[PDB]
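Remarks on the structure that follows.
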Amino acid sequence: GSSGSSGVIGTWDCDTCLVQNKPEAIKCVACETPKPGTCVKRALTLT
Ligand SMILES: [Zn+2]
């Protein structure tokens, strides 16, 4: 919400290789790095 919002888009931009990966892939394809954020935001109630 405020103080920095999380990309509300689908695909996520990697940090190591900085490659474009689908929101379905749990990990990257180039560097094969595990997506950050252990907890799933979904947990909370949608708008
Ligand atoms: Zn990567």
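Here, A, B, ... name the chains of the structure tokens in the order displayed, residue numbers run from 1 inside each chain, and ligands are numbered from 1 in the same displayed order.
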Shell of 10 Å around ligand 1 (only C-alpha atoms and all ligand atoms), written as an MDAnalysis selection string:
chainID A and resid 12:21 27:35
Selected residues, N, CA, C and O atoms, written as a compact mmCIF listing (two decimals), in the first residue's frame, please.
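Writing the result to part09.txt gives the following:
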# COMPACT_ATOMS: atom_id res chain seq x y z
N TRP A 12 7.72 -11.50 -12.53
CA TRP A 12 8.58 -10.91 -11.51
C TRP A 12 10.01 -10.74 -12.03
O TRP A 12 10.54 -11.62 -12.70
N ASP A 13 10.61 -9.60 -11.71
CA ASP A 13 11.98 -9.31 -12.15
C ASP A 13 12.99 -9.89 -11.17
O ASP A 13 13.02 -9.52 -9.99
N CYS A 14 13.83 -10.80 -11.65
CA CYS A 14 14.84 -11.43 -10.82
C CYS A 14 15.78 -10.39 -10.22
O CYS A 14 15.72 -9.21 -10.58
N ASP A 15 16.65 -10.82 -9.32
CA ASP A 15 17.60 -9.93 -8.68
C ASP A 15 19.04 -10.31 -9.04
O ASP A 15 19.89 -9.44 -9.23
N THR A 16 19.29 -11.61 -9.13
CA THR A 16 20.62 -12.11 -9.47
C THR A 16 20.92 -11.92 -10.95
O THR A 16 21.81 -11.15 -11.32
N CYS A 17 20.17 -12.62 -11.79
CA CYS A 17 20.35 -12.53 -13.24
C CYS A 17 19.50 -11.40 -13.82
O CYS A 17 19.78 -10.90 -14.91
N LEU A 18 18.46 -11.02 -13.10
CA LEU A 18 17.57 -9.95 -13.54
C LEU A 18 16.83 -10.36 -14.82
O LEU A 18 16.72 -9.58 -15.76
N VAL A 19 16.32 -11.59 -14.84
CA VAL A 19 15.60 -12.10 -15.99
C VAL A 19 14.09 -12.08 -15.75
O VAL A 19 13.64 -12.11 -14.60
N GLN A 20 13.32 -12.02 -16.83
CA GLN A 20 11.87 -12.00 -16.73
C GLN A 20 11.30 -13.41 -16.65
O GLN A 20 11.41 -14.18 -17.61
N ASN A 21 10.71 -13.75 -15.51
CA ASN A 21 10.13 -15.07 -15.31
C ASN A 21 8.63 -14.98 -15.06
O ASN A 21 8.14 -13.97 -14.54
N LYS A 27 10.65 -20.80 -9.11
CA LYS A 27 12.05 -20.38 -9.16
C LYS A 27 12.40 -19.82 -10.53
O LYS A 27 11.61 -19.88 -11.47
N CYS A 28 13.61 -19.26 -10.64
CA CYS A 28 14.07 -18.69 -11.90
C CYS A 28 14.45 -19.79 -12.89
O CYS A 28 14.49 -20.97 -12.54
N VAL A 29 14.72 -19.40 -14.13
CA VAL A 29 15.09 -20.35 -15.17
C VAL A 29 16.55 -20.18 -15.57
O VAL A 29 17.24 -21.15 -15.88
N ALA A 30 17.02 -18.93 -15.58
CA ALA A 30 18.40 -18.63 -15.94
C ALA A 30 19.35 -18.97 -14.80
O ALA A 30 20.22 -19.84 -14.93
N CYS A 31 19.19 -18.28 -13.67
CA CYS A 31 20.03 -18.51 -12.51
C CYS A 31 19.47 -19.63 -11.64
O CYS A 31 20.18 -20.22 -10.83
N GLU A 32 18.18 -19.92 -11.81
CA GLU A 32 17.52 -20.96 -11.04
C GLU A 32 17.51 -20.61 -9.55
O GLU A 32 17.72 -21.48 -8.70
N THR A 33 17.25 -19.34 -9.25
CA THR A 33 17.21 -18.88 -7.87
C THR A 33 15.79 -18.91 -7.32
O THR A 33 14.83 -18.59 -8.01
N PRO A 34 15.65 -19.31 -6.05
CA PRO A 34 14.35 -19.39 -5.38
C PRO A 34 13.75 -18.02 -5.11
O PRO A 34 14.38 -17.16 -4.51
N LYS A 35 12.52 -17.82 -5.57
CA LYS A 35 11.83 -16.55 -5.38
C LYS A 35 11.79 -16.16 -3.91
O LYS A 35 11.58 -17.00 -3.03
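Every protein or nucleic acid residue with an atom no more than 9 Å from residue 23 in chain A, counting only C-alpha atoms and leaving out same-chain residues fewer than 6 positions away, appears here: residues 9, 10, 11 and 12 of chain A.
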Writing out the chosen residues with N, CA, C and O atoms as an mmCIF file, in the first residue's frame:
data_model
loop_
_atom_site.group_PDB
_atom_site.id
_atom_site.type_symbol
_atom_site.label_atom_id
_atom_site.label_comp_id
_atom_site.auth_asym_id
_atom_site.auth_seq_id
_atom_site.Cartn_x
_atom_site.Cartn_y
_atom_site.Cartn_z
ATOM 1 N N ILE A 9 2.120 -6.572 -10.682
ATOM 2 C CA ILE A 9 2.105 -7.194 -12.000
ATOM 3 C C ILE A 9 2.252 -8.708 -11.894
ATOM 4 O O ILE A 9 2.431 -9.251 -10.805
ATOM 5 N N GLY A 10 2.179 -9.386 -13.036
ATOM 6 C CA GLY A 10 2.308 -10.831 -13.051
ATOM 7 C C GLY A 10 3.752 -11.286 -12.955
ATOM 8 O O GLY A 10 4.201 -11.736 -11.901
ATOM 9 N N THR A 11 4.481 -11.169 -14.062
ATOM 10 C CA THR A 11 5.881 -11.574 -14.099
ATOM 11 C C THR A 11 6.696 -10.836 -13.042
ATOM 12 O O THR A 11 6.396 -9.692 -12.702
ATOM 13 N N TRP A 12 7.725 -11.499 -12.527
ATOM 14 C CA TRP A 12 8.583 -10.905 -11.508
ATOM 15 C C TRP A 12 10.006 -10.735 -12.027
ATOM 16 O O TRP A 12 10.543 -11.619 -12.696
#
As JSON, numbers by chain, please: every residue in chain A that a backbone DSSP assignment puts in strand (DSSP E or B).
{"A": [12, 13, 20, 21, 27, 34]}
Range 38-43 of chain A surroundings by only C-alpha atoms, 12 Å radius, close-in-sequence under 5 positions cut, as a PyMOL selection string
chain A and resi 6+8+26
Mind dumping the selected residues with N, CA and C atoms as a PDB file, in the first residue's frame?
ATOM      1  N   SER A   6       4.445  -3.447  -3.575  1.00  0.00           N
ATOM      2  CA  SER A   6       5.014  -4.589  -4.280  1.00  0.00           C
ATOM      3  C   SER A   6       4.427  -4.707  -5.683  1.00  0.00           C
ATOM      4  N   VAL A   8       2.476  -5.064  -8.506  1.00  0.00           N
ATOM      5  CA  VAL A   8       1.158  -5.670  -8.648  1.00  0.00           C
ATOM      6  C   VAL A   8       0.998  -6.323 -10.017  1.00  0.00           C
ATOM      7  N   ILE A  26       7.991 -21.131  -9.634  1.00  0.00           N
ATOM      8  CA  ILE A  26       8.389 -20.887  -8.252  1.00  0.00           C
ATOM      9  C   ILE A  26       9.820 -20.364  -8.176  1.00  0.00           C
TER      10      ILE A  26
END
